[PDB]
Amino acid sequence: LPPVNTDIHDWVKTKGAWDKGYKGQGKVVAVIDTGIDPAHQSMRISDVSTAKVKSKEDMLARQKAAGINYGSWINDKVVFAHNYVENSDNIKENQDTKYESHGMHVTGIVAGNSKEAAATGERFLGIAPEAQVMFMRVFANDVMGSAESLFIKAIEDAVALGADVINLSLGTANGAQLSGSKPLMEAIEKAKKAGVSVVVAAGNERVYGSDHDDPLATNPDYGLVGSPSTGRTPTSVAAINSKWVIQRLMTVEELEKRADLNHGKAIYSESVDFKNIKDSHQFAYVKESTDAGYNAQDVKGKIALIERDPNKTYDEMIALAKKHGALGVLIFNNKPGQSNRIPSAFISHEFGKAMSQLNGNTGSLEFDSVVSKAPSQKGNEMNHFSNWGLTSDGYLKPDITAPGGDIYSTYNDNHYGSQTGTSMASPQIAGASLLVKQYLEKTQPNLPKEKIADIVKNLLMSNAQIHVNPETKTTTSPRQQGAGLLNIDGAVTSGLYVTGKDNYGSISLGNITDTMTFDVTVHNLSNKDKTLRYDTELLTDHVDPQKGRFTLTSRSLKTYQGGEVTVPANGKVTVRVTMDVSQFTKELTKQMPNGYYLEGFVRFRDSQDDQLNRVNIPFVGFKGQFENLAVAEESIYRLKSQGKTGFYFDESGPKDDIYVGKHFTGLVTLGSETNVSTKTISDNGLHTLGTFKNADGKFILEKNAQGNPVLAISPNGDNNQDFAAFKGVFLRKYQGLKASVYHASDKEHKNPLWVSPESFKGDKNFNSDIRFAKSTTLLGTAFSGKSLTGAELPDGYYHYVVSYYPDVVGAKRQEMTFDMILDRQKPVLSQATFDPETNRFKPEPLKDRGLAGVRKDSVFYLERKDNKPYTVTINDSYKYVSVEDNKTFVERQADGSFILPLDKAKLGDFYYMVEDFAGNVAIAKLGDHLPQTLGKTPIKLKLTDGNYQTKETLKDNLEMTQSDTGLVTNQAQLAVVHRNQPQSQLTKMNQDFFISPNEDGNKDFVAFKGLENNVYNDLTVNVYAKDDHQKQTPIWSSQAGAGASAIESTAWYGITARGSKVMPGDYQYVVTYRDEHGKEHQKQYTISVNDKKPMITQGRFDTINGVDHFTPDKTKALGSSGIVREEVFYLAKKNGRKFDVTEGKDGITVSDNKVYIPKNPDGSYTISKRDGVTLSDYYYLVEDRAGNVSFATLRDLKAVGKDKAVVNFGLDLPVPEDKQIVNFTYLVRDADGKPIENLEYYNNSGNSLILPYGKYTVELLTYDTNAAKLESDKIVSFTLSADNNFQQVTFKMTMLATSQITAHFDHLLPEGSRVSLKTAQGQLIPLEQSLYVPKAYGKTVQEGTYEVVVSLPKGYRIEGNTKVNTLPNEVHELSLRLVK
Ligand SMILES: [Ca+2]
Ligand SMILES: [Ca+2]
Ligand SMILES: [Ca+2]
Ligand SMILES: [Cl-]
């Protein structure tokens, strides 16, 4: 037999358990992952009668009557396999980089058992080579709502089929331990109680900031360690790099004598473009000194090249090579570490640095093939990416380390390969957990299956070897390490483990003051006894003082020592540790002002002659208050007012540029230009509030005469800065977030005038790579100068207050306040002086009406081009038209005047414009109020604003007659190609009282219009809910000052007073007013609100006189979704596009080049073939009673053959289509239960299938199980046929809403208090003490109504408001006061 590779086995000390009789034998590991190739030579058991599952037949006996009839035993080794996405039995993936498979690799690492040699000549075995493997193919892609469904199945199926150990590989960054994802936790917890060890990789995100910079020393909460592994039950696995690596190295035969360089290894660089074997047998190395040009006439050409000097990586000190020839190049570090390095490639790789200088012979060179085991350049170091820090709620995770870096394991088709990550360290602890269970299953069968897996964890952890950072000769932080490195031997032999106060092999202490005090308990498992001597190291983060950022390492403070203990036999012994750290406080809190970690280990050696019975337990606490670290970064406004900057803020380009795409905390608003020659038809997008377009169009944060910026919005209707909304850079995970507005005289923020209707939660912005956002904008925090009742809040000075909480159960609410001006008033245009001889135009000094200041005045004329004063510009690629003025600007003299080049345009045609900080702009056209008798001598010129900036009004042509209902709404066509806003106009509404409040232009609101010579005094509109049958409590009311005219004052947009869309359903719209004489009048109407785009059937197509005829299926007219318009049209091509601009009286409007086809008497439409118009330019379109519109090309309505049918699946949620789940997956099965293959989709919806006629079922597979829950049948059956050739299937669901509840107390509670939430219906939700705020008891809960009950001992009471009616996404604090 060939030799065994022990690179990872020597190091984890695994052979110590094999030789004691513990291979994988008689156990089985469930590997939930991406794929296997159960045929691989490694996939084998030695003796099949030693095994848990004994044959293909012991399986079906275990499948059935445990309750499962999918997926099969495949061989003795891979004992169960099922592909839980798509519900199939294709298990192997993937059908250079070929053959690679993640789940194959994972299994290779946990179970054995190759008796053939890999590329090195060695046999590779897993940590438990004699275990059988069930493998669940489960992996996510976000077309679904949530993969949790599929994981829980795989888990439950694992526990029921053959239990033992599950290896998960799954993670969501910065998880919590307590408020994890409930249905997945319970499934994990269920497995523990069945004796299953659940081990989970901890993540590859490393720490907050990891793809940007090291975290600032003010922000200690940089933990990225993932759920579900952050849970208390599972085993969270950090990853250390392998000391030995297996690659395709290099060899310089001339350096074979040099023995610190492996005799030619250098590994390889090869980044981005991996063209190592482009031009690479080889020869002809070179030698280059400087990275300049022609250093010494080069000397390359068909020869590799050599340099550093970090001047310009990958471009100037890379592409400069192919210049002097050389057919390839070779870089070396400028220190000993081997970093990573458009492409601009000939051939290039990075190779060591100690081997750079050793290349000092020119020389010859070869690029090795096959794999040759070489020493890792990252050796005994913690892998860069292994997750760290605490859980989101402040718990010590990970739990243990194991080799994750450059781990050699199994690939498909008898191949092997190296892949790196915490995903790989986890199967090391998977196998190790197999073995330590055999051990306890032999050592104590007097041990229950419910306490078993918690101890396998505790043995592995206490017996771990505390890692020491090589580059720094300091212990690596337990927040990065766990309880240490995996010591398999130590775990199965020592029979000692350690718990702390919490009864866990780790200790999280919460905050700490000056005296760290905690009880440690050592446990004995054998009959013989041990007497051990203990001492504790005490560590904190090291921070670099040049830049003020952590260095992701530690420094030792003082090793305090305690003494010796003597554990009993089959017994415990407690110990008390105590340390005064009051000493180190000044030095540390000066380096880390918001607090620091005080962590470390306590070690246990055998008293006489240590190294026998070496065991440890880790601890961490926080000096400060971990509950109250700042959740958000400070606003870019405050930071820049001081000299500071943001963690992700790019200060590139002009001073004080805050481009809106730039990752800060701040306020965002919408911009819209102001045009004097034509109507503005589109807006300019978001920009940062208080920034303004400077000369070169960069957005600068401009300052008022006192040196401050101004946050001001103008909630007029003009779309220039009408709202403000919060954008955040989050440091910690957030909860409870809302925006509130108070008047600024209300200094304590006790009377909200406006609150954002929703409250928000989310993740820290940890930016671990490009896929992870550095800022998040929450547009649902938009404030628009309206109150909680819809009233306009008057111009003035207000506070916009964004408040939130962290995810720690006792934390106190953090606020963050923005000074905010509402100012809706244009600045003043009075007068100026112009001098025909000097031509100097001087306006009065600049005044504003309102609190926002004047921000800039300008003079401009309209540079006519191609006979028009504006420039209409058509974006062909994005099907968009924009049009703005040709403003050319007159420079402004330092004295505040302009010289007006009257050669370029007349005097009448200059405009003076003054704009303010809130977006109001005044523009006077000089020609207004200018005497025609000019050109003589100084004048006083009157200026008035010309209302160029104004809110647009709907075209209103309507003449009301008595017969008219009085209701009006709007009308618009739905664009098919162009992405401009289709022009809309007012229409009567005397039937079909249905609205689609979707702001598309068409039936969006219900207004009321009165007869023109009738009087409507005190006209108000109130909308009542269907339930409110006495019409007592409006849900929306018109604002004050409404009449028959200004229909906008009566327009109801399907919303509540607070601005949120109402639910689908029907509502009483009541118009009330007083008379000509004095009589009261009340018209009442039933308005019905409905979104939901129509569903378009296939129709059919027949050929008639050699021309295509399309006949649509008969539209149904009943209901709100009944169809009331029906069009077939095509799009003509004019000027080479399918839309068109037309310049009208009003302004410019954009339209599709629609040509309609009449209906024929046989209900068909004749589809002529005409020059340049194909079937993809013919459309069917339908409008419902509500104004909802759908359309499809006629090309898409074919590909439904005349013998085939269509089924469409969708979810029916009782909410507005903008607050709905849309993501789910489904399996369709044919008459025999076989899944359908070879899917054709219909009208471009992945939810609509073309299928042959027959009987079928569909199964709702996955949906967002946290967002919504299913209420209708999960499996629905349907039959397709020529009569029923279109089938709707609908999964009916309800929305889920959660809230957090915290009971905060006066004083601590006596021992023996049991806090619980009492639900209506009487049940008890037990609560537990907060770790950081021990007078707090909190939980996240379903939106409902609860009471806090405590049940104290021997006599005390609680005395406070204990009842709360919970709101969705709110945090409710119920402070409570115990007394005696
Ligand atoms: Ca974390
Ligand atoms: Ca405005
Ligand atoms: Ca609409
Ligand atoms: Cl103003």
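Criteria and cut-off values
Residues numbered from 1 in each chain as written, not as in the entry; some residues may be left out. Chains lettered and ligands numbered in written order. Heavy atoms only, no water. Residues with missing side-chain atoms left out of burial classes, pairs and counts. UniProt positions renumbered as here; feature names shortened; annotations may be inferred. Buried < 20%, exposed > 50% of the residue type's maximum accessible area, 1.4 Å probe, protein only. Helix = DSSP H or I, 4+ residues; strand = E, 2+ residues; numbered from the N terminus. Pairing = 2+ DSSP bridges. Donors = N, O, S within 2.8 Å, 3.2 Å for Na, K, Ca; no water. Contact = heavy atoms within 4.5 Å.

Method of determination, as annotated in the archive: X-ray crystallography, at 2.800 Å resolution.

Per the PDB entry, the chain goes by Chemokine protease C and derives from Streptococcus pyogenes. Listed as the entry title in the PDB record is "Crystal structure of a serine protease from Streptococcus species". If you open the UniProt record of the chain and go to Sequence similarities (unreviewed entry), you find "Belongs to the peptidase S8 family."

1. Focus on the pairing of strand β14 (residues 400-405)
Burial runs high along β14: six of the six residues are buried. Across five bridges, strand β6 (residues 235-241) lies against β14 in parallel orientation. The residue bridging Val237 from the neighbouring strand is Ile400, located in β14.

2. Focus on the sheet that holds strand β55 (residues 1036-1037)
With mixed pairing, five strands are arranged side by side in an open sheet as β52-β57-β56-β54-β55. Each end of this open sheet is capped by a strand with a single partner; those strands are β52 (994-995) and β55. Where strand β56 (residues 1065-1074) lies against strand β57 (residues 1080-1089), 10 bridges are found, and the strand directions are antiparallel. Note on β57: the bridge partner recorded for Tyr1069 is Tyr1085.

3. Brief notes about unusual backbone geometry
Of the consecutive residues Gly112 and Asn113, the connecting peptide bond is found in the cis state with omega at -15°. Residue placement: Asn113 occurs in the loop between α4 (102-110) and β3 (132-137). Omega for the peptide link from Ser227 to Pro228 comes to 10°, which places this bond in the cis form. Of note in the backbone geometry, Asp298 takes a positive phi value of approximately 45° without being a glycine. Following the sequence through the fold, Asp298 ends up in the loop between β8 (250-251) and β9 (306-307).

4. Here we look at the coordination of the calcium ion (ligand 2)
Coordination of the calcium ion (ligand 2) by the protein involves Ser714 (O), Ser714 (OG), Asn716 (OD1), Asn716 (ND2), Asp718 (OD), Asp718 (OD), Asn720 (O) and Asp722 (OD), with metal-donor separations of 2.3 to 2.9 Å. Along the chain, the residues that donate to the calcium ion (ligand 2) are spaced as S-x1-N-x1-D-x1-N-x1-D. In this structure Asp718 comes out as buried when scored by relative accessible area, which is 11%. With relative accessibility at 13%, the residue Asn720 sits in the buried group.

5. Overview of the UniProt feature "binding site: Ca(2+) 9" (unreviewed entry) in the chain
The UniProt record annotates "binding site: Ca(2+) 9" (unreviewed entry) at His1304. On the secondary structure map, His1304 appears in strand β75 (residues 1298-1304). With a relative accessible area of 23%, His1304 lands in the partly exposed category. Once residues within four sequence positions are removed from consideration, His1304 is found in contact with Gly810, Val1333, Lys1335, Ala1336, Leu1374, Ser1375 and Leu1376.

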